[PDB]
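J.:
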Amino acid sequence: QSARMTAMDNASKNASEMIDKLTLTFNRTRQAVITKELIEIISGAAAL
Amino acid sequence: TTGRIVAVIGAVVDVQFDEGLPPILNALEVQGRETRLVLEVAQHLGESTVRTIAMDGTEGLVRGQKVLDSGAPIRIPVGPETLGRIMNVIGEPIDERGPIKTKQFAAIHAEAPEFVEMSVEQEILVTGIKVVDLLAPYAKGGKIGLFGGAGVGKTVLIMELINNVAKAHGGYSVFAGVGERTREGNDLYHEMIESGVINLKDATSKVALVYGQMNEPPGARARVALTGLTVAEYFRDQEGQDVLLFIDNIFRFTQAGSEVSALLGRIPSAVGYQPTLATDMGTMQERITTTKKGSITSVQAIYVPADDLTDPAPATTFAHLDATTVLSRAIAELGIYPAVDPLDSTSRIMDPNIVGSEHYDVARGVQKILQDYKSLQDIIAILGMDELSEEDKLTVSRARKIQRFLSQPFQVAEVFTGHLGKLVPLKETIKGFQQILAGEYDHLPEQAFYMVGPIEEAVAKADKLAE
Amino acid sequence: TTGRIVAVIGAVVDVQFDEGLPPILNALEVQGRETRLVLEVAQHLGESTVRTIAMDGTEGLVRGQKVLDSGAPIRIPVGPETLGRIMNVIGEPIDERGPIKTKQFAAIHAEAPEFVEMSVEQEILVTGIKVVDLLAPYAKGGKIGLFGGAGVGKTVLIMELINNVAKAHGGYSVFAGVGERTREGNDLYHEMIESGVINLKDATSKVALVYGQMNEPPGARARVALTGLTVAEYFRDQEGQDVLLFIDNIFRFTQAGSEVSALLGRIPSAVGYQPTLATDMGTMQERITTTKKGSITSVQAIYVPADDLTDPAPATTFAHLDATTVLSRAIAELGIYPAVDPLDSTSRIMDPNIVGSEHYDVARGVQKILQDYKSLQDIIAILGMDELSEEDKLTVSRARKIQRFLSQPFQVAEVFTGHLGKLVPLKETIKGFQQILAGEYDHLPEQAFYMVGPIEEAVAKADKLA
Amino acid sequence: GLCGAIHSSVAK
Amino acid sequence: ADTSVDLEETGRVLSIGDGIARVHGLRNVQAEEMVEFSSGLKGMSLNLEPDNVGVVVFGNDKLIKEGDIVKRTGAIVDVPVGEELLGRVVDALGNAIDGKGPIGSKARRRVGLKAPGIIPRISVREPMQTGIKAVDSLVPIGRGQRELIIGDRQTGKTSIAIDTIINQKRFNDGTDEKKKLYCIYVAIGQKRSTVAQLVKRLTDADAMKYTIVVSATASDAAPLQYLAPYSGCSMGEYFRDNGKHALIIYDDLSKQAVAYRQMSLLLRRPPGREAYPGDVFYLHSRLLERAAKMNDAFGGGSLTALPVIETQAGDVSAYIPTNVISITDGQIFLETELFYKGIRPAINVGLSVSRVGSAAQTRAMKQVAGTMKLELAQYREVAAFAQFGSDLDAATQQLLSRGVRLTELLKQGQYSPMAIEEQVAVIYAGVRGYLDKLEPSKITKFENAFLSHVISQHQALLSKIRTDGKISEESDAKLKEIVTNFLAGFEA
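Protein chains in written order, with the entry's author numbering: chain A, 225 to 272; chain B, 9 to 475; chain C, 9 to 474; chain D, 76 to 87; chain E, 19 to 510.
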């Protein structure tokens, strides 16, 4: 019971950390897709 | 009128008329060519110059070349003498069997049926496919859409529906191949013949064919669907019959347009598409419809670029359908064919008031459990299965068996599955699932449920597997 | 011929001529300037106007200024008298040691050796670097590329190779500094002097140096590679010599191209790069090659922007190499140097019929275990090792010991590793890795393997760790 | 399970 | 009255840069016609504008200057075609580059011809044996079929193609002319030393004799790289239209797209999705539709294409990758994960397909591998679902036991294309369960031992399976006997 407690403390703390990282990775990606998709439109439009 | 070619850049040709400017949509014929080249007028640039889209190759055209206004949009041979035949974007036979002697001719461009012409009858159209029937029933006279990325089953599914439905159908059928594989029109034509749906000796043909494959210039691809659809509208209105319309693949109509779009001088909309995508799709999709005069049962294959269902094209097409079968490479990848996604497929008739509560409670019953299992998937992945409640490891069970019971050996894919094709009747389906959901087979092995028709084959297969 | 400057934008100078329009690639000299300003013609805009690329800053130029057709493309001193000398894009000495007095002059723009001129001999080039030798071995007269994001080890690896290979090479060497740091040119020059590869007293220098660094205007950076390249071509074909060609960094040439491209008025391709990216890399990369006349072993550092290997620049460079050393920030951050990615580096020599099956089987052995460790990592990441199978935990142990044994101290990086540089002989590498694979050291601790040369030193370190 | 190495230890 | 330079059949360069000439005059040129430059340099008329002709240049534009005279040729671009090219290395226009003399060509062919329509073809039915079990058993290739080889850099895509070319000696050295397959290998954007390496190996395998190599490498002008595929295609249609059989490898269609993109942007045509022309799909569809099977009415000849495409980060959903996957009759997807793991070829069973199915397979093969593909798909899934032995039944323990053994058999080395009956013998052993008790690690060694035995001792069973083309009831009995007994002696 002391080892399951310890193991589950860690697991839970790793999870949260993973959560915090994926979230930040998500926002970076979200911002780059928009920027990326918009530069693509501008390039096409300017070439005309 | 007679115009001259002033500029050639790919499929786009600009023409200058001295007197009398052909209206937009008018078809012009290029003079001096071994083969018939039609140019559809696309825009009035001003200065008595029109910008047009070529219906074929632009090689060998010359600046100054002559062009005659035909005085009307592309018009094709429409009528019963189109049945059993193979036509072009521009209505020319391409089957080497001579002219198509129709009484009338129709322009491929036309307005869509008015609001007061709509019909609202809703009859389930049983197909013999477990998944579709159970969860996303097709409807007679309704608009059906098969969505899928490259190589997930759109066409084979269209192939088994032609077999399980087109073949018994008492009425015509029009199969329009838009920007797909030439090999495929040759496979289907010869199959139609070997099964008498096409009769080369008599007038018993029950299917007209129109083709504008992937080896064609954007222009042809931006119009075959129109030609195809036009043939079908005739049997709907002028004869009043029950038509079956197959289009594979309507995405090609939209890709065709995006391919000339820049040469038409337009700022691109998102994802590269042309800014008129939705309206271009709207004025077309709105003709593919059942009216009070006749009924159309359209089955349209819809390609999904990069596998992304949010892509402006696939995305813009959902609204035009009454039933949708969404195929997924993630399912296919597991060997589950047809690879329909049970949680992303829908039908407007999945209503207790229309299919009944037994049909309805089973369907939703099957979907809840697959959803319930989807959610657990990522978690037992890491944390394993021991901690799960026997209540929850039973839904993992049943789900995995249902997941399989939803696959089926198609009669048009024996070359693929190495299994005889099975067609299951609506009641054999509802019942089979009802029992799995009821716990009545928690003893048989999952594998017993994979690639089988009716539930009895799953029971038999258990024994065969029993050793 | 005398033309007149009509327009000036950064490094793109447009010059109009009245009689006699210079062909494309011809070098023009601007008149009325304290120092030489060479303009390389790039295209005929029509109307007797030529659009050109300046080879130095264009400040001070004035519309209507006179320009003179040199009659040819940038030409530079070529021969053995360039050995031990430092030179410019336009071939002038910049080592304050006088004129480079050569018999011949070569133009920096040449065509690439023909198909029939190609060679297909494949000899392994041992470097003494464990990871490289074992997994993505270089090859004599071959084309090597070191891919690396900022500050990962590209230059340190070139230095160590210069040390381990260039130093005992019979034959010449050419170092071309393209778009990099000036201090580095200075660090190298003086170091070369010190170890005597550059001798300012006798004619015994074995290295010619060409530089167009981070401080030059785009056009200079866009051409110095061609210049170092030409020097090397002379030794190859005019003396049938076995050359060594080091370039830091060839990514800078492409970047330079992207800098002027808008000015040349071109619609950009993806990521803002010039639509001519591949062909520009191509007609240039295709002269850096061994032939029937001579051998060119070339090592090129390839800077990867934002660490993105899918970037048009680096992405388009893979196809030109025979061996690639892809450096990783992730590995570097673990403290493994050189930070080489073992599952991402490759070599057309990794063929049993060339390195022998012993080599070929240890090599594929190491990769397989690291690939296996790699897939377990996702789970190891949330739950650690506890839940792992006894079997799986042994791959993990071995993988982590193989990963550490792939690292090694470089003389060149002694000031940072805190350890004495090591050079491991191929058979020592094949071996040490066999045993690890074979479970002959499952008792030693990981740390024993970190930062060592031969396996024998890994056993020792283990005793010292007690 | 999910208690680190409780079982593996005794088993070992 | 010097009338040699009228502006109807000649023009003068208004400007030149980046390989695009804007020629004035050329009033009678046809779209896509070839023109000549004072410098002997050929170009192609792509944009016919009101006031100028946009000409793409097949070579270094450094020799072209404003004012140069440009002359029509009256001919739409074409190239040498025919048997003379076999064993020779040509550039994208037909010129030899093996410095082995002029080609003795008597025929020519337009590089850009539409693919034969519906009526002139017949369903693909004759196998096109690669020599690779994994391929010939799971993603069968028939003649007239287009099958794509796709995967990241270095996952082995070219190898599939070389092994295939090499496997064709079997029939080419034979008597039967219907079974023969002439090969064409188009290098695009590649490096000259790699191609030189390539043609060496082909020579060392005695395969050049039936191969033509069209090379359009890294330093060749964008327009040469662009054309190269159409050029090579046309040389393959010669065989296709004359009741002969051809096989063309487009290595790769990725670098061509880049070339197209470059050529196209330099013509000022507005960039589209991902910077490529709005018609890159069309660029490849047009080409690959040409690979085809003609009916007996047209000679019964055929053209089979094996185009290569490079993915990035194994992402097959990518726009170009799917553009091309949606044209061919299947794909062979190679993964680096599988490759490193030991699975070579790195064929990904689940993601690869053949739209021809067993119709492109001999009955012997169909007999043994008829359901194997979906079996391995279903195996990969459960193998994942139990990466935690979740109280697994028997039907799935059996499923995992076959799955692993079968996976080992599909493994294969390089340059050793197997004969169809050889494949049937070894798959047979696995598919029938005779190997379910052997240790996975043993399987590769066993296959070398077993195959040795039957090839040496039993060529009567091999020649019958090969000949009958099927597995009769007695052959099937002679085989059961051999495997089970040899297996036992083998596990002594």
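Note that CB positions come from ideal geometry on N, CA and C, so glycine has one too.
Along the region 381–410 of chain B, where does the CB come closer than 9 Å to a CB of chain C? Name the residues.
T.: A389, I390, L391, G392
J.: Is it buried or exposed for C/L428, if we count other Cβ within 10 angstroms and need 16 for buried?
T.: Residue 428 of chain C sits at position 420 when you count from the first residue of the third sequence. Under this definition C/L428 is an exposed residue.
J.: Taking a cut of 9 Å between CB atoms, which residues from the region 268–296 of chain B lie near chain A?
T.: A270, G273, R274, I275, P276, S277, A278, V279, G280
J.: Do you know how far the Cα of C/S277 is from the Cα of B/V215?
T.: For the purposes of this step, residue 215 of chain B is identified with residue 207 of the second sequence, where counting begins at 1. For the purposes of this step, residue 277 of chain C is identified with residue 269 of the third sequence, where counting begins at 1. Using only the alpha carbons, I get a separation of about 47 Å.
J.: Measuring alpha carbon to alpha carbon, tell me which of B/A158, B/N257, B/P462 ends up nearest B/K138.
T.: Here residue 138 of chain B refers to the residue found at position 130 when the second sequence is read from its first residue. With distances taken between Cα atoms, B/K138 lies closest to B/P462.
J.: Which whole-angstrom value describes the C-beta separation of C/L217 and C/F183, a residue pair presumed to lie in contact below a C-beta threshold of 8 Å?
T.: Position 209 of the third sequence, counted from the first residue, corresponds to residue 217 of chain C. Position 175 of the third sequence, counted from the first residue, corresponds to residue 183 of chain C. Indeed they touch by this definition, with Cβ atoms about 5 Å apart.
J.: In terms of residue numbering, what span does the beta strand (DSSP E) encompassing residue 481 of chain C cover?
T.: The question about residue 481 of chain C has no answer here: the residues shown for chain C are numbered 9 through 474.
J.: Report the residue from B/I344, B/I362, B/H367, B/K401 whose alpha carbon sits nearest the alpha carbon of B/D380.
T.: The residue given as residue 380 of chain B occupies position 372 in the second sequence. Of the candidates B/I344, B/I362, B/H367, B/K401, the one whose C-alpha sits nearest the C-alpha of B/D380 is B/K401.
J.: What number of angstroms, rounded off, separates the C-alpha of C/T425 from the C-alpha of C/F418?
T.: Within the third sequence, residue 425 of chain C is the residue found at index 417, counting from 1. Within the third sequence, residue 418 of chain C is the residue found at index 410, counting from 1. Cα to Cα, C/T425 sits roughly 8 Å from C/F418.
J.: Sort out for me which residues DSSP pairs C/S355 with in a bridge.
T.: The sequence position of residue 355 of chain C within the third sequence is 347, counting from 1. For C/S355, which the question treats as bridged, DSSP gives the partners C/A331.
J.: On the three-state DSSP scale, how would you describe B/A216?
T.: Numbered from 1 along the second sequence, position 208 holds the residue referred to as residue 216 of chain B. Reduced to three states, the DSSP call for B/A216 is strand.
J.: Quick one: is C/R191 buried, meaning 16 or more other Cβ sit within 10 Å of its Cβ, or exposed?
T.: Taking the first residue of the third sequence as position 1, residue 191 of chain C is located at position 183. C/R191 comes out exposed.
J.: Is it buried or exposed for B/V70, if we count other Cβ within 10 angstroms and need 16 for buried?
T.: Within the second sequence, numbered from 1, the residue matching residue 70 of chain B stands at position 62. It is buried - the Cβ of B/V70 has at least 16 other Cβ atoms within 10 Å.
J.: Between which two residues does the alpha helix (DSSP H) carrying B/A50 extend?
T.: Working through the second sequence from its first residue, we reach residue 50 of chain B at position 42. Where B/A50 is concerned, there is no enclosing alpha helix (DSSP H), although the beta strand (DSSP E) it sits in stretches over 46–52.
J.: Quick one: using the 10 Å Cβ neighbour count with 16 as the cut-off for buried, is B/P225 buried or exposed?
T.: On the second sequence, residue 225 of chain B is found 217 positions in, with the first residue counted as 1. That one is buried.
J.: So with Cβ pairs under 8 Å, would you call C/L234 a contact of chain E?
T.: Numbered from 1 along the third sequence, position 226 holds the residue referred to as residue 234 of chain C. No, C/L234 lies away from the interface with chain E (no Cβ there is under 8 Å from its Cβ).
J.: Taking E/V326 as the reference, which of E/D314, E/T346, E/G318 has the closest Cα?
T.: The residue given as residue 326 of chain E occupies position 308 in the fifth sequence. Of E/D314, E/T346, E/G318, the smallest CA-CA separation from E/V326 is found for E/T346.
J.: For A/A271, decide whether its Cβ has a neighbour in chain E, counting only Cβ atoms nearer than 8 Å.
T.: Against the first sequence, residue 271 of chain A aligns to sequence position 47. The Cβ of A/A271 sits closer than 8 Å to at least one Cβ of chain E.
J.: Check distances from the C-beta atoms of the region 246–269 of chain B to those of chain E and list, in chain order, the residues that come in under 8 Å.
T.: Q263, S266, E267, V268, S269
J.: Helix, strand or coil for E/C251 per DSSP?
T.: Here residue 251 of chain E refers to the residue found at position 233 of the fifth sequence. E/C251: helix per DSSP, three-state reduction.
J.: Relative to the alpha-carbon of B/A327, which residue among B/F441, B/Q293, B/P283, B/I339 has its alpha-carbon at the smallest distance?
T.: Taking the first residue of the second sequence as 1, we reach residue 327 of chain B at position 319. Ranking B/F441, B/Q293, B/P283, B/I339 by Cα distance to B/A327 puts B/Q293 first.
J.: I'd like to confirm the pairing. Which residues does DSSP put opposite E/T425 in its beta bridges?
T.: Counting from 1 along the fifth sequence, the entry for residue 425 of chain E is found at position 407. Per DSSP, E/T425 has no beta bridge partner at all.
J.: If you measure from the beta carbon of C/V139 to each beta carbon in chain E, is any gap under 8 Å?
T.: Indexing the third sequence from 1 puts residue 139 of chain C at position 131. So, not an interface residue.
J.: With 9 Å as the C-beta to C-beta threshold (strictly closer), list the residues of the region 227–243 of chain A near chain C in chain order.
T.: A231, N234, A235, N238, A239, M242
J.: May I have the straight-line CA-CA distance separating B/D26 from E/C251, to the nearest angstrom?
T.: For the purposes of this step, residue 26 of chain B is taken as the residue at position 18 of the second sequence. For the purposes of this step, residue 251 of chain E is taken as the residue at position 233 of the fifth sequence. B/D26 and E/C251: Cα-Cα distance of roughly 43 Å.
J.: Can you name the residues of chain A whose CB is closer than 8 Å to the CB of E/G290?
T.: Along the fifth sequence, one-based indexing puts residue 290 of chain E at 272. Those are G268, listed as they occur along chain A.
J.: I'd like the span of the alpha helix (DSSP H) that includes B/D380, first residue to last.
T.: Sequence index remark: in the second sequence, residue 380 of chain B carries index 372 (1-based). The continuous alpha helix (DSSP H) containing B/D380 extends over residues 365–391.
J.: Taking 7 Å as the limit between beta carbons, can you name the residues of its chain near B/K300, skipping five residues before and five after?
T.: For the purposes of this step, residue 300 of chain B is identified with residue 292 of the second sequence, where counting begins at 1. Within the same chain, B/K300 has close Cβ partners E125, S127.
J.: What span of residues does the alpha helix (DSSP H) with A/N234 cover, start to end?
T.: Taking the first sequence and counting its residues from 1, one reaches residue 234 of chain A at position 10. Counting along the chain, the alpha helix (DSSP H) containing A/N234 begins and ends at 226–271.
J.: From what residue to what residue does the beta strand (DSSP E) around C/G265 run?
T.: On the third sequence, position 257 is the one that residue 265 of chain C refers to. C/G265 -> not in any beta strand (DSSP E); alpha helix (DSSP H) instead, spanning 259–269.
J.: Quickly, what does DSSP pair C/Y345 with across the bridge? List them, please.
T.: Walking along the third sequence from the start, residue 345 of chain C turns up at place 337. According to DSSP, which records beta bridges pairwise, C/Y345 is partnered with nothing at all.
J.: Under three-state DSSP, which class holds B/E100?
T.: Position 92 of the second sequence, counted from the start, is the residue given in the question as residue 100 of chain B. Of the three classes helix, strand and coil, the one that applies to B/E100 here is coil, per DSSP.
J.: Using beta carbons (cut-off 8 Å, strictly below), is B/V423 in contact with chain E?
T.: Position 415 of the second sequence holds residue 423 of chain B. Output row for B/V423: interface = yes.
J.: Near B/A264, what residues of its chain come up, given a Cβ to Cβ distance below 6 Å and the 5 sequence neighbours on each side ignored?
T.: Along the second sequence, read from residue 1 onward, the residue named residue 264 of chain B stands at position 256. The residues are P226, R229, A230.
J.: Closest to C/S203 by C-alpha separation, out of C/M222, C/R189, C/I170, would be which residue?
T.: Indexing the third sequence from 1 puts residue 203 of chain C at position 195. Measuring from the Cα of C/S203, the nearest candidate turns out to be C/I170.
J.: Answer yes if the region 193–202 of chain E comes into contact with the region 353–372 of chain E, meaning at least three C-beta pairs across the two stretches below 8 Å, and no otherwise.
T.: no
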